[PDB]
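K.L.:
Next comes target-v1.cif, mmCIF, C-alpha atoms:
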```
data_run
loop_
_atom_site.label_atom_id
_atom_site.label_comp_id
_atom_site.auth_asym_id
_atom_site.auth_seq_id
_atom_site.Cartn_x
_atom_site.Cartn_y
_atom_site.Cartn_z
CA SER A 1 45.96 43.74 7.12
CA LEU A 2 47.13 40.81 9.22
CA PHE A 3 50.46 40.87 7.38
CA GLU A 4 51.27 44.48 8.29
CA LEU A 5 50.01 43.88 11.81
CA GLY A 6 52.30 40.88 12.31
CA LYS A 7 55.24 42.69 10.73
CA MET A 8 54.81 45.72 13.01
CA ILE A 9 54.65 43.51 16.09
CA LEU A 10 57.78 41.70 14.98
CA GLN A 11 59.54 45.02 14.39
CA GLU A 12 58.52 46.55 17.70
CA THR A 13 58.87 43.46 19.88
CA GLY A 15 61.41 41.41 17.95
CA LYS A 16 59.26 38.36 18.69
CA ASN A 17 57.55 35.87 16.40
CA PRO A 18 54.13 37.66 16.35
CA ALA A 19 51.93 34.61 15.84
CA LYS A 20 53.96 32.58 18.32
CA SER A 21 53.93 35.11 21.14
CA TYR A 22 50.57 36.79 20.58
CA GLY A 23 48.46 34.63 18.28
CA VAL A 24 46.63 33.08 21.23
CA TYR A 25 47.90 35.15 24.15
CA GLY A 26 45.61 35.87 27.07
CA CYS A 27 42.00 36.81 26.48
CA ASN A 28 42.50 39.52 23.86
CA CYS A 29 45.60 38.83 21.79
CA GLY A 30 45.29 37.05 18.49
CA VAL A 31 42.34 34.89 17.58
CA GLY A 32 38.90 35.62 18.95
CA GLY A 33 37.47 38.84 20.31
CA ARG A 34 38.09 40.56 23.62
CA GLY A 35 37.73 39.38 27.18
CA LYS A 36 38.77 40.53 30.62
CA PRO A 37 42.48 41.36 30.18
CA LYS A 38 44.86 39.02 31.99
CA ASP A 39 47.73 41.51 32.02
CA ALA A 40 49.20 44.61 30.36
CA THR A 41 50.18 42.77 27.19
CA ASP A 42 46.61 41.46 26.99
CA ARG A 43 45.20 44.95 27.55
CA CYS A 44 47.22 46.13 24.55
CA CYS A 45 45.31 43.68 22.38
CA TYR A 46 42.08 44.61 24.11
CA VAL A 47 42.69 48.26 23.16
CA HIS A 48 43.67 47.18 19.65
CA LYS A 49 40.45 45.28 19.00
CA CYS A 50 38.57 48.28 20.34
CA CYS A 51 40.52 50.53 17.97
CA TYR A 52 39.34 48.32 15.09
CA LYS A 53 35.69 48.93 15.95
CA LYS A 57 36.11 52.66 15.30
CA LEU A 58 37.00 51.76 11.71
CA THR A 59 34.55 52.05 8.83
CA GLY A 60 35.36 51.84 5.15
CA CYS A 61 38.09 49.21 5.32
CA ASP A 67 38.79 45.61 6.34
CA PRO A 68 41.37 45.45 9.19
CA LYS A 69 42.27 41.81 8.49
CA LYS A 70 42.42 41.79 4.69
CA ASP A 71 43.16 45.36 3.65
CA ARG A 72 46.80 46.16 3.06
CA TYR A 73 48.06 49.64 3.84
CA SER A 74 51.38 51.41 3.42
CA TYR A 75 53.82 52.19 6.19
CA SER A 76 57.55 52.48 6.58
CA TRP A 77 60.36 52.01 9.07
CA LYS A 78 61.91 55.42 9.72
CA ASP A 79 64.49 55.82 12.45
CA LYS A 80 63.25 52.53 13.91
CA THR A 81 59.74 53.92 14.14
CA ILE A 82 56.60 52.71 12.40
CA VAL A 83 55.39 55.55 10.22
CA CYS A 84 51.96 55.12 8.68
CA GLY A 85 51.60 56.17 5.07
CA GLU A 86 49.10 58.93 4.34
CA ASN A 87 46.68 56.74 2.36
CA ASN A 88 42.88 56.85 2.73
CA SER A 89 41.41 57.77 6.12
CA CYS A 90 40.35 54.26 7.16
CA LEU A 92 43.56 52.56 6.08
CA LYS A 93 45.38 55.37 7.87
CA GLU A 94 43.50 54.84 11.13
CA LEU A 95 43.79 51.07 10.70
CA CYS A 96 47.55 51.46 10.39
CA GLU A 97 47.64 53.62 13.51
CA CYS A 98 45.62 50.97 15.37
CA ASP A 99 48.23 48.41 14.36
CA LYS A 100 51.13 50.70 15.16
CA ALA A 101 49.68 51.35 18.60
CA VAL A 102 49.34 47.70 19.53
CA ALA A 103 52.85 46.80 18.34
CA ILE A 104 54.22 49.67 20.43
CA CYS A 105 52.10 48.70 23.41
CA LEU A 106 53.16 45.05 23.19
CA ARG A 107 56.78 46.18 23.00
CA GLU A 108 56.34 48.43 26.03
CA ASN A 109 54.89 45.58 28.08
CA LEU A 110 57.40 42.87 27.22
CA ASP A 111 58.66 43.30 30.79
CA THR A 112 55.58 41.49 32.12
CA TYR A 113 54.84 39.29 29.10
CA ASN A 114 54.06 35.88 30.56
CA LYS A 115 54.54 32.63 28.65
CA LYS A 116 51.81 31.05 30.77
CA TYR A 117 49.29 33.17 28.87
CA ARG A 118 50.98 32.55 25.51
CA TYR A 119 48.69 29.76 24.31
CA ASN A 120 45.35 30.38 25.98
CA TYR A 121 43.18 27.75 24.33
CA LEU A 122 40.59 28.66 26.94
CA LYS A 123 39.81 32.03 25.35
CA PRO A 125 36.12 31.03 25.03
CA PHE A 126 36.09 30.74 28.84
CA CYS A 127 37.44 34.27 29.33
CA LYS A 128 35.16 36.66 31.20
CA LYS A 129 33.09 38.94 28.96
CA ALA A 130 34.91 42.15 28.02
CA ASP A 131 33.41 45.47 29.04
CA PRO A 132 32.40 47.86 26.26
CA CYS A 133 35.20 49.74 24.53
#
```
Show this structure as structure tokens.
P.N.:
Amino acid sequence: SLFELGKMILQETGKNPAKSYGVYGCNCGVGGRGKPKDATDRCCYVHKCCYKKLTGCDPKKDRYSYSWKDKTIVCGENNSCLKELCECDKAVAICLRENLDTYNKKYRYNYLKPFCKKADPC
């Protein structure tokens, strides 16, 4: 769910998740996808795409189990959808972490998300 997602992002990036990615670019946080503004944004673009492949569970409300092992997010082996959901979340946290080098504060609070160019299909 959103809780696990935010926690993973905090763990991987060490940044307030909502603060840094709640409204970042055209794909991070609220809203759907849009033309990515940068690598960090693409991470979220990929993440939202990952969510579409899910069936059987609610990505935003459904809680799933995962642990912190050797500073690595390890998804619990619960049901298939929750499992894939968890992996989707793990992947975006990791991706956001990997692209902190280009993270740009200027994209942090994009209140113009509705104006973003339409995203191509996943």
K.L.:
Let me know the residues the PyMOL selection byres ((chain A and resi 22) around 10) catches in the file above, as a ChimeraX atom specification.
P.N.:
/A:6,9,16-21,23-26,28-31,41-42,45,106,113,115,117-120
K.L.:
To one decimal in Å, tell me the separation between atom CA of residue A:15 and atom CA of residue A:110.
P.N.:
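We find that atom CA of residue A:15 and atom CA of residue A:110 lie 10.2 Å from each other.
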K.L.:
Give me, please, the distance in Å between atom CA of residue A:70 and atom CA of residue A:2, quoted to one decimal.
P.N.:
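Between atom CA of residue A:70 and atom CA of residue A:2 the gap works out to 6.6 Å.
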K.L.:
Between A:105, A:47, A:95, A:13, which is the closest to residue A:72 once you count only C-alpha atoms?
P.N.:
A:95
K.L.:
Quote the spacing between atom CA of residue A:88 and atom CA of residue A:108 in Å to one decimal place.
P.N.:
28.2 Å
K.L.:
Which of these, A:96, A:132, A:7, A:40, has the shortest distance to residue A:109 once you count only C-alpha atoms?
P.N.:
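Going through A:96, A:132, A:7, A:40 one by one, the smallest distance to residue A:109 is for A:40.
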K.L.:
Using only C-alpha atoms, can you tell me which of A:103, A:98, A:130, A:5 comes closest to residue A:69?
P.N.:
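Nearest candidate to residue A:69 out of A:103, A:98, A:130, A:5: A:5.
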K.L.:
Compare A:131, A:99, A:12, A:94 by their minimum atom-to-atom distance to residue A:59, counting only C-alpha atoms, and give me the closest one.
P.N.:
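Ranking A:131, A:99, A:12, A:94 by distance to residue A:59, first place goes to A:94.
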K.L.:
Run the PyMOL selection byres ((chain A and resi 73) around 9) mentally over the shown coordinates, then write out the matched residues as a PyMOL selection string, using the chain letters and numbers from the document.
P.N.:
chain A and resi 1+4+71-72+74-75+84-85+87-88+92-93+95-96
K.L.:
I need the output of the PyMOL selection byres ((chain A and resi 127) around 8) for this file as a list in words; which residues are they?
P.N.:
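On this input, the PyMOL selection byres ((chain A and resi 127) around 8) captures residues 27, 35, 36, 122, 123, 125, 126, 128 and 129 of chain A.
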K.L.:
Which residue out of A:10, A:121, A:102, A:76 has the minimum interatomic distance to residue A:50 when all atoms listed in the file are used?
P.N.:
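Of the candidates, the smallest distance to residue A:50 is held by A:102.
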K.L.:
Counting all atoms listed in the file, which of A:39, A:79, A:46, A:33 gets nearest to residue A:111?
P.N.:
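The closest residue to residue A:111 is A:39.
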K.L.:
Would you place a box with edges along x, y and z of the file around all atoms of stretch 96-100 of chain A listed there, add 8 Å to each of its six sides, and report the centre and edge lengths in Å to one decimal, as JSON?
P.N.:
```
{"center_x": 48.4, "center_y": 51.0, "center_z": 12.9, "size_x": 21.5, "size_y": 21.2, "size_z": 21.0}
```
